[PDB]
$ cat final30.pdb   # PDB, N, CA and C atoms and all ligand atoms
MODEL        1
ATOM      1  N   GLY W   1     131.789 132.341  53.022
ATOM      2  CA  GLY W   1     130.906 131.881  54.079
ATOM      3  C   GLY W   1     131.573 131.902  55.440
ATOM      4  N   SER W   2     132.163 133.041  55.790
ATOM      5  CA  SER W   2     132.843 133.187  57.072
ATOM      6  C   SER W   2     133.633 131.927  57.414
ATOM      7  N   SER W   3     134.315 131.375  56.416
ATOM      8  CA  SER W   3     135.110 130.167  56.608
ATOM      9  C   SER W   3     136.431 130.489  57.299
ATOM     10  N   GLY W   4     137.086 129.458  57.822
ATOM     11  CA  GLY W   4     138.353 129.651  58.502
ATOM     12  C   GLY W   4     139.529 129.143  57.692
ATOM     13  N   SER W   5     140.533 129.994  57.511
ATOM     14  CA  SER W   5     141.718 129.628  56.745
ATOM     15  C   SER W   5     142.285 128.295  57.227
ATOM     16  N   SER W   6     142.363 128.134  58.543
ATOM     17  CA  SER W   6     142.889 126.909  59.134
ATOM     18  C   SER W   6     142.392 125.683  58.376
ATOM     19  N   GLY W   7     143.294 125.044  57.637
ATOM     20  CA  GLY W   7     142.929 123.864  56.875
ATOM     21  C   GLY W   7     143.384 123.943  55.431
ATOM     22  N   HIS W   8     144.628 123.546  55.183
ATOM     23  CA  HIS W   8     145.185 123.575  53.835
ATOM     24  C   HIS W   8     145.452 122.162  53.327
ATOM     25  N   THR W   9     144.418 121.528  52.783
ATOM     26  CA  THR W   9     144.539 120.172  52.262
ATOM     27  C   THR W   9     143.563 119.934  51.116
ATOM     28  N   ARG W  10     143.982 119.127  50.146
ATOM     29  CA  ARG W  10     143.143 118.818  48.994
ATOM     30  C   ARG W  10     142.179 117.680  49.313
ATOM     31  N   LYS W  11     141.061 117.640  48.596
ATOM     32  CA  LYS W  11     140.056 116.603  48.801
ATOM     33  C   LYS W  11     140.543 115.261  48.265
ATOM     34  N   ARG W  12     141.737 115.260  47.681
ATOM     35  CA  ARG W  12     142.316 114.041  47.128
ATOM     36  C   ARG W  12     143.733 113.826  47.652
ATOM     37  N   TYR W  13     144.242 112.611  47.484
ATOM     38  CA  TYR W  13     145.584 112.274  47.943
ATOM     39  C   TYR W  13     146.565 112.231  46.774
ATOM     40  N   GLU W  14     147.591 113.073  46.838
ATOM     41  CA  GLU W  14     148.598 113.131  45.786
ATOM     42  C   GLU W  14     149.835 112.323  46.171
ATOM     43  N   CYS W  15     150.530 111.802  45.166
ATOM     44  CA  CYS W  15     151.731 111.009  45.398
ATOM     45  C   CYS W  15     152.988 111.832  45.128
ATOM     46  N   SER W  16     153.826 111.973  46.151
ATOM     47  CA  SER W  16     155.061 112.739  46.026
ATOM     48  C   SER W  16     156.180 111.876  45.451
ATOM     49  N   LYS W  17     155.815 110.961  44.559
ATOM     50  CA  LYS W  17     156.785 110.072  43.932
ATOM     51  C   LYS W  17     156.602 110.049  42.417
ATOM     52  N   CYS W  18     155.350 110.096  41.977
ATOM     53  CA  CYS W  18     155.039 110.081  40.552
ATOM     54  C   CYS W  18     154.052 111.191  40.199
ATOM     55  N   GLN W  19     153.679 111.984  41.199
ATOM     56  CA  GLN W  19     152.742 113.081  40.994
ATOM     57  C   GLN W  19     151.393 112.561  40.508
ATOM     58  N   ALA W  20     150.932 111.470  41.111
ATOM     59  CA  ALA W  20     149.655 110.874  40.740
ATOM     60  C   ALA W  20     148.600 111.125  41.813
ATOM     61  N   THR W  21     147.341 111.194  41.393
ATOM     62  CA  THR W  21     146.239 111.432  42.317
ATOM     63  C   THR W  21     145.431 110.159  42.549
ATOM     64  N   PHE W  22     144.786 110.076  43.708
ATOM     65  CA  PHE W  22     143.980 108.911  44.052
ATOM     66  C   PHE W  22     142.688 109.330  44.747
ATOM     67  N   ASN W  23     141.680 108.467  44.681
ATOM     68  CA  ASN W  23     140.391 108.747  45.303
ATOM     69  C   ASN W  23     140.294 108.089  46.676
ATOM     70  N   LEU W  24     140.735 106.838  46.759
ATOM     71  CA  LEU W  24     140.699 106.097  48.014
ATOM     72  C   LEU W  24     142.016 106.243  48.770
ATOM     73  N   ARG W  25     141.923 106.374  50.089
ATOM     74  CA  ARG W  25     143.107 106.520  50.928
ATOM     75  C   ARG W  25     143.914 105.227  50.958
ATOM     76  N   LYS W  26     143.216 104.101  51.059
ATOM     77  CA  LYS W  26     143.867 102.797  51.098
ATOM     78  C   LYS W  26     144.521 102.475  49.757
ATOM     79  N   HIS W  27     143.940 102.994  48.681
ATOM     80  CA  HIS W  27     144.469 102.763  47.342
ATOM     81  C   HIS W  27     145.893 103.298  47.220
ATOM     82  N   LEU W  28     146.142 104.448  47.836
ATOM     83  CA  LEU W  28     147.463 105.067  47.797
ATOM     84  C   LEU W  28     148.444 104.314  48.689
ATOM     85  N   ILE W  29     147.942 103.796  49.806
ATOM     86  CA  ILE W  29     148.774 103.051  50.742
ATOM     87  C   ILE W  29     149.523 101.926  50.037
ATOM     88  N   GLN W  30     148.792 101.131  49.262
ATOM     89  CA  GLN W  30     149.388 100.018  48.531
ATOM     90  C   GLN W  30     150.255 100.523  47.384
ATOM     91  N   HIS W  31     149.785 101.564  46.705
ATOM     92  CA  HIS W  31     150.518 102.143  45.585
ATOM     93  C   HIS W  31     151.925 102.552  46.011
ATOM     94  N   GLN W  32     152.036 103.108  47.213
ATOM     95  CA  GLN W  32     153.325 103.545  47.736
ATOM     96  C   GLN W  32     154.283 102.367  47.875
ATOM     97  N   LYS W  33     153.729 101.160  47.897
ATOM     98  CA  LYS W  33     154.533  99.951  48.026
ATOM     99  C   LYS W  33     155.504  99.816  46.857
ATOM    100  N   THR W  34     155.017 100.100  45.653
ATOM    101  CA  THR W  34     155.840 100.011  44.454
ATOM    102  C   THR W  34     156.880 101.126  44.418
ATOM    103  N   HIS W  35     156.743 102.087  45.326
ATOM    104  CA  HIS W  35     157.671 103.210  45.397
ATOM    105  C   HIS W  35     158.745 102.959  46.451
ATOM    106  N   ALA W  36     158.855 101.710  46.893
ATOM    107  CA  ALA W  36     159.842 101.339  47.898
ATOM    108  C   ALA W  36     161.216 101.132  47.269
ATOM    109  N   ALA W  37     161.575 102.014  46.340
ATOM    110  CA  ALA W  37     162.864 101.927  45.664
ATOM    111  C   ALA W  37     163.963 102.585  46.490
ATOM    112  N   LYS W  38     164.549 101.818  47.403
ATOM    113  CA  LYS W  38     165.616 102.326  48.259
ATOM    114  C   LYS W  38     166.792 102.822  47.425
ATOM    115  N   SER W  39     167.267 104.024  47.737
ATOM    116  CA  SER W  39     168.388 104.614  47.016
ATOM    117  C   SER W  39     169.434 103.556  46.677
ATOM    118  N   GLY W  40     169.739 103.426  45.389
ATOM    119  CA  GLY W  40     170.721 102.450  44.955
ATOM    120  C   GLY W  40     171.479 102.898  43.721
ATOM    121  N   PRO W  41     172.264 103.976  43.863
ATOM    122  CA  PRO W  41     173.057 104.530  42.762
ATOM    123  C   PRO W  41     174.214 103.620  42.366
ATOM    124  N   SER W  42     174.436 102.575  43.158
ATOM    125  CA  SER W  42     175.514 101.630  42.891
ATOM    126  C   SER W  42     174.959 100.298  42.396
ATOM    127  N   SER W  43     173.967 100.369  41.514
ATOM    128  CA  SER W  43     173.346  99.170  40.965
ATOM    129  C   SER W  43     173.581  99.075  39.460
ATOM    130  N   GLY W  44     174.317  98.050  39.045
ATOM    131  CA  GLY W  44     174.603  97.864  37.635
ATOM    132  C   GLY W  44     173.347  97.826  36.788
TER     133      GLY W  44
HETATM  134 ZN    ZN W 101     153.168 107.225  43.037
ENDMDL
END
$ encode --input "final30.pdb" --output "structure tokens" --more "lines below"
Ligand SMILES: [Zn+2]
Amino acid sequence: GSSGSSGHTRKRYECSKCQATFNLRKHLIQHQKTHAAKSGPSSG
């Protein structure tokens, strides 16, 4: 339909931490909270 390439994004929001998909934008915002695992290779 004479569409324009400009625009490479999915209709859903993916998580670059657990590879999970979400429907609501705000839903992912909070989900990312549990992904606040600051690098800690020196943790017993
Ligand atoms: Zn995630």
$ closest_atom_pairs --input "final30.pdb" --of "chain W" --to "ligand ZN 101 (chain W)" --cutoff "6 Å" --atoms "all atoms listed in the file" --output "JSON lines"
{"residue": "W:15", "atom": "CA", "partner": "W:ZN101", "partner_atom": "ZN", "distance": 4.7}
{"residue": "W:16", "atom": "N", "partner": "W:ZN101", "partner_atom": "ZN", "distance": 5.7}
{"residue": "W:17", "atom": "C", "partner": "W:ZN101", "partner_atom": "ZN", "distance": 4.5}
{"residue": "W:18", "atom": "N", "partner": "W:ZN101", "partner_atom": "ZN", "distance": 3.8}
{"residue": "W:19", "atom": "N", "partner": "W:ZN101", "partner_atom": "ZN", "distance": 5.1}
{"residue": "W:20", "atom": "N", "partner": "W:ZN101", "partner_atom": "ZN", "distance": 5.2}
{"residue": "W:31", "atom": "C", "partner": "W:ZN101", "partner_atom": "ZN", "distance": 5.7}
{"residue": "W:32", "atom": "CA", "partner": "W:ZN101", "partner_atom": "ZN", "distance": 6.0}
$ write_last_selection --input "final30.pdb" --atoms "N, CA and C atoms" --output "PDB file, in the coordinates of the input"
ATOM      1  N   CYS W  15     150.530 111.802  45.166  1.00  0.00           N
ATOM      2  CA  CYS W  15     151.731 111.009  45.398  1.00  0.00           C
ATOM      3  C   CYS W  15     152.988 111.832  45.128  1.00  0.00           C
ATOM      4  N   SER W  16     153.826 111.973  46.151  1.00  0.00           N
ATOM      5  CA  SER W  16     155.061 112.739  46.026  1.00  0.00           C
ATOM      6  C   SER W  16     156.180 111.876  45.451  1.00  0.00           C
ATOM      7  N   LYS W  17     155.815 110.961  44.559  1.00  0.00           N
ATOM      8  CA  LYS W  17     156.785 110.072  43.932  1.00  0.00           C
ATOM      9  C   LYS W  17     156.602 110.049  42.417  1.00  0.00           C
ATOM     10  N   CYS W  18     155.350 110.096  41.977  1.00  0.00           N
ATOM     11  CA  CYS W  18     155.039 110.081  40.552  1.00  0.00           C
ATOM     12  C   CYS W  18     154.052 111.191  40.199  1.00  0.00           C
ATOM     13  N   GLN W  19     153.679 111.984  41.199  1.00  0.00           N
ATOM     14  CA  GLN W  19     152.742 113.081  40.994  1.00  0.00           C
ATOM     15  C   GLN W  19     151.393 112.561  40.508  1.00  0.00           C
ATOM     16  N   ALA W  20     150.932 111.470  41.111  1.00  0.00           N
ATOM     17  CA  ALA W  20     149.655 110.874  40.740  1.00  0.00           C
ATOM     18  C   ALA W  20     148.600 111.125  41.813  1.00  0.00           C
ATOM     19  N   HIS W  31     149.785 101.564  46.705  1.00  0.00           N
ATOM     20  CA  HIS W  31     150.518 102.143  45.585  1.00  0.00           C
ATOM     21  C   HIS W  31     151.925 102.552  46.011  1.00  0.00           C
ATOM     22  N   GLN W  32     152.036 103.108  47.213  1.00  0.00           N
ATOM     23  CA  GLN W  32     153.325 103.545  47.736  1.00  0.00           C
ATOM     24  C   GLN W  32     154.283 102.367  47.875  1.00  0.00           C
TER      25      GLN W  32
END
$ atom_distance --input "final30.pdb" --atom1 "atom C of residue W:30" --atom2 "atom C of residue W:14"
11.9 Å
$ select_by_dssp --input "final30.pdb" --residues "chain W" --states "helix (DSSP H, G or I)" --output "MDAnalysis selection string"
chainID W and resid 25:35
$ axis_aligned_box --input "final30.pdb" --around "stretch 17-28 of chain W" --padding-each-side "5 Å" --output "JSON"
{"center_x": 148.5, "center_y": 107.8, "center_z": 45.6, "size_x": 26.5, "size_y": 20.6, "size_z": 20.9}
$ build_atoms --input "final30.pdb" --residues "stretch 7-31 of chain W" --atoms "N, CA, C and O atoms" --output "PDB file, in the coordinates of the input"
ATOM      1  N   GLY W   7     143.294 125.044  57.637  1.00  0.00           N
ATOM      2  CA  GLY W   7     142.929 123.864  56.875  1.00  0.00           C
ATOM      3  C   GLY W   7     143.384 123.943  55.431  1.00  0.00           C
ATOM      4  O   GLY W   7     142.625 124.357  54.554  1.00  0.00           O
ATOM      5  N   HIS W   8     144.628 123.546  55.183  1.00  0.00           N
ATOM      6  CA  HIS W   8     145.185 123.575  53.835  1.00  0.00           C
ATOM      7  C   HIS W   8     145.452 122.162  53.327  1.00  0.00           C
ATOM      8  O   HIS W   8     146.570 121.655  53.428  1.00  0.00           O
ATOM      9  N   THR W   9     144.418 121.528  52.783  1.00  0.00           N
ATOM     10  CA  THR W   9     144.539 120.172  52.262  1.00  0.00           C
ATOM     11  C   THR W   9     143.563 119.934  51.116  1.00  0.00           C
ATOM     12  O   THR W   9     142.455 120.470  51.110  1.00  0.00           O
ATOM     13  N   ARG W  10     143.982 119.127  50.146  1.00  0.00           N
ATOM     14  CA  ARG W  10     143.143 118.818  48.994  1.00  0.00           C
ATOM     15  C   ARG W  10     142.179 117.680  49.313  1.00  0.00           C
ATOM     16  O   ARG W  10     142.441 116.855  50.189  1.00  0.00           O
ATOM     17  N   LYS W  11     141.061 117.640  48.596  1.00  0.00           N
ATOM     18  CA  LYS W  11     140.056 116.603  48.801  1.00  0.00           C
ATOM     19  C   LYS W  11     140.543 115.261  48.265  1.00  0.00           C
ATOM     20  O   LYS W  11     139.853 114.248  48.380  1.00  0.00           O
ATOM     21  N   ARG W  12     141.737 115.260  47.681  1.00  0.00           N
ATOM     22  CA  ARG W  12     142.316 114.041  47.128  1.00  0.00           C
ATOM     23  C   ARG W  12     143.733 113.826  47.652  1.00  0.00           C
ATOM     24  O   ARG W  12     144.349 114.741  48.198  1.00  0.00           O
ATOM     25  N   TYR W  13     144.242 112.611  47.484  1.00  0.00           N
ATOM     26  CA  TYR W  13     145.584 112.274  47.943  1.00  0.00           C
ATOM     27  C   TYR W  13     146.565 112.231  46.774  1.00  0.00           C
ATOM     28  O   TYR W  13     146.395 111.451  45.837  1.00  0.00           O
ATOM     29  N   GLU W  14     147.591 113.073  46.838  1.00  0.00           N
ATOM     30  CA  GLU W  14     148.598 113.131  45.786  1.00  0.00           C
ATOM     31  C   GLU W  14     149.835 112.323  46.171  1.00  0.00           C
ATOM     32  O   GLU W  14     150.150 112.175  47.352  1.00  0.00           O
ATOM     33  N   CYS W  15     150.530 111.802  45.166  1.00  0.00           N
ATOM     34  CA  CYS W  15     151.731 111.009  45.398  1.00  0.00           C
ATOM     35  C   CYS W  15     152.988 111.832  45.128  1.00  0.00           C
ATOM     36  O   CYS W  15     153.192 112.329  44.021  1.00  0.00           O
ATOM     37  N   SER W  16     153.826 111.973  46.151  1.00  0.00           N
ATOM     38  CA  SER W  16     155.061 112.739  46.026  1.00  0.00           C
ATOM     39  C   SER W  16     156.180 111.876  45.451  1.00  0.00           C
ATOM     40  O   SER W  16     157.348 112.034  45.807  1.00  0.00           O
ATOM     41  N   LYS W  17     155.815 110.961  44.559  1.00  0.00           N
ATOM     42  CA  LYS W  17     156.785 110.072  43.932  1.00  0.00           C
ATOM     43  C   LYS W  17     156.602 110.049  42.417  1.00  0.00           C
ATOM     44  O   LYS W  17     157.575 109.989  41.666  1.00  0.00           O
ATOM     45  N   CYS W  18     155.350 110.096  41.977  1.00  0.00           N
ATOM     46  CA  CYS W  18     155.039 110.081  40.552  1.00  0.00           C
ATOM     47  C   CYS W  18     154.052 111.191  40.199  1.00  0.00           C
ATOM     48  O   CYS W  18     153.641 111.325  39.047  1.00  0.00           O
ATOM     49  N   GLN W  19     153.679 111.984  41.199  1.00  0.00           N
ATOM     50  CA  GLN W  19     152.742 113.081  40.994  1.00  0.00           C
ATOM     51  C   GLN W  19     151.393 112.561  40.508  1.00  0.00           C
ATOM     52  O   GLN W  19     150.784 113.135  39.606  1.00  0.00           O
ATOM     53  N   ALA W  20     150.932 111.470  41.111  1.00  0.00           N
ATOM     54  CA  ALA W  20     149.655 110.874  40.740  1.00  0.00           C
ATOM     55  C   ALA W  20     148.600 111.125  41.813  1.00  0.00           C
ATOM     56  O   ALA W  20     148.920 111.254  42.995  1.00  0.00           O
ATOM     57  N   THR W  21     147.341 111.194  41.393  1.00  0.00           N
ATOM     58  CA  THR W  21     146.239 111.432  42.317  1.00  0.00           C
ATOM     59  C   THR W  21     145.431 110.159  42.549  1.00  0.00           C
ATOM     60  O   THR W  21     145.393 109.272  41.695  1.00  0.00           O
ATOM     61  N   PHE W  22     144.786 110.076  43.708  1.00  0.00           N
ATOM     62  CA  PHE W  22     143.980 108.911  44.052  1.00  0.00           C
ATOM     63  C   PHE W  22     142.688 109.330  44.747  1.00  0.00           C
ATOM     64  O   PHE W  22     142.607 110.412  45.328  1.00  0.00           O
ATOM     65  N   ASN W  23     141.680 108.467  44.681  1.00  0.00           N
ATOM     66  CA  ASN W  23     140.391 108.747  45.303  1.00  0.00           C
ATOM     67  C   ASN W  23     140.294 108.089  46.676  1.00  0.00           C
ATOM     68  O   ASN W  23     139.832 108.702  47.639  1.00  0.00           O
ATOM     69  N   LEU W  24     140.735 106.838  46.759  1.00  0.00           N
ATOM     70  CA  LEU W  24     140.699 106.097  48.014  1.00  0.00           C
ATOM     71  C   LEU W  24     142.016 106.243  48.770  1.00  0.00           C
ATOM     72  O   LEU W  24     143.091 106.235  48.171  1.00  0.00           O
ATOM     73  N   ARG W  25     141.923 106.374  50.089  1.00  0.00           N
ATOM     74  CA  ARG W  25     143.107 106.520  50.928  1.00  0.00           C
ATOM     75  C   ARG W  25     143.914 105.227  50.958  1.00  0.00           C
ATOM     76  O   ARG W  25     145.144 105.248  50.893  1.00  0.00           O
ATOM     77  N   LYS W  26     143.216 104.101  51.059  1.00  0.00           N
ATOM     78  CA  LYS W  26     143.867 102.797  51.098  1.00  0.00           C
ATOM     79  C   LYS W  26     144.521 102.475  49.757  1.00  0.00           C
ATOM     80  O   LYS W  26     145.531 101.773  49.702  1.00  0.00           O
ATOM     81  N   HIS W  27     143.940 102.994  48.681  1.00  0.00           N
ATOM     82  CA  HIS W  27     144.469 102.763  47.342  1.00  0.00           C
ATOM     83  C   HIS W  27     145.893 103.298  47.220  1.00  0.00           C
ATOM     84  O   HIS W  27     146.746 102.682  46.579  1.00  0.00           O
ATOM     85  N   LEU W  28     146.142 104.448  47.836  1.00  0.00           N
ATOM     86  CA  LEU W  28     147.463 105.067  47.797  1.00  0.00           C
ATOM     87  C   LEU W  28     148.444 104.314  48.689  1.00  0.00           C
ATOM     88  O   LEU W  28     149.628 104.204  48.371  1.00  0.00           O
ATOM     89  N   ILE W  29     147.942 103.796  49.806  1.00  0.00           N
ATOM     90  CA  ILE W  29     148.774 103.051  50.742  1.00  0.00           C
ATOM     91  C   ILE W  29     149.523 101.926  50.037  1.00  0.00           C
ATOM     92  O   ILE W  29     150.735 101.781  50.192  1.00  0.00           O
ATOM     93  N   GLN W  30     148.792 101.131  49.262  1.00  0.00           N
ATOM     94  CA  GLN W  30     149.388 100.018  48.531  1.00  0.00           C
ATOM     95  C   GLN W  30     150.255 100.523  47.384  1.00  0.00           C
ATOM     96  O   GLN W  30     151.328  99.981  47.118  1.00  0.00           O
ATOM     97  N   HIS W  31     149.785 101.564  46.705  1.00  0.00           N
ATOM     98  CA  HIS W  31     150.518 102.143  45.585  1.00  0.00           C
ATOM     99  C   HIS W  31     151.925 102.552  46.011  1.00  0.00           C
ATOM    100  O   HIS W  31     152.886 102.368  45.265  1.00  0.00           O
TER     101      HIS W  31
END
